[PDB]
């Protein structure tokens, strides 16, 4: 019975881990969007027909 | 998805190149007209029956 009761703490820990990963995935959506925009910036800047102000 | 989004910069570059060539062709119309007029000037000046003032 004591062994069965201690599984409540195990469940609490696993749910805490799922919450931590949820916050990391929410940050990762922001980071992958930012990286796609930065790739578009570097791709546009590699063109040599741009003037200095656009670069 | 990031690869598809970066094609917008490729399209921007190709349109910029078309604009640069358009300006060059507009200048080239002027230059070919001027060269045709200069050929008419040299052709008239090669005649030896002209007096000095006309030449």
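Chains as they are written, first to last, in the UniProt record's numbering: chain A, 56 to 110; chain B, 56 to 110. For each residue, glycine too, the CB sits at the ideal point set by N, CA and C.
{"Asked": "Cβ of residue 81 of chain B less than 9 Å from any chain A Cβ?", "Found": "no"}
{"Asked": "Less than 9 Å between the C-beta atoms of residue 98 of chain A and residue 61 of chain B, yes or no?", "Found": "yes"}
{"Asked": "Say whether chain B places a C-beta atom closer than 9 Å to the C-beta of residue 85 of chain A.", "Found": "no"}
{"Asked": "Using a C-beta to C-beta distance shorter than 9 Å, which residues of chain B count as neighbours of residue 98 of chain A?", "Found": "61, 64, 65 and 68"}
{"Asked": "Is the beta carbon of residue 75 of chain B sitting closer than 9 Å to the one on residue 104 of chain A?", "Found": "yes"}
{"Asked": "Since residue 102 of chain A and residue 56 of chain B are thought to touch, with beta carbons under 8 Å apart, how far apart are those beta carbons, to the nearest angstrom?", "Found": "Contact flag wrong, Cβ pair sits at about 23 Å."}
{"Asked": "Which chain C residues are close to residue 72 of chain A, counting only those with a beta carbon under 9 Å from its beta carbon?", "Found": "The structure shown contains no chain C; its protein chains are A and B."}
{"Asked": "Within the continuous alpha helix (DSSP H) that includes residue 79 of chain B, where are the two ends?", "Found": "57–100"}
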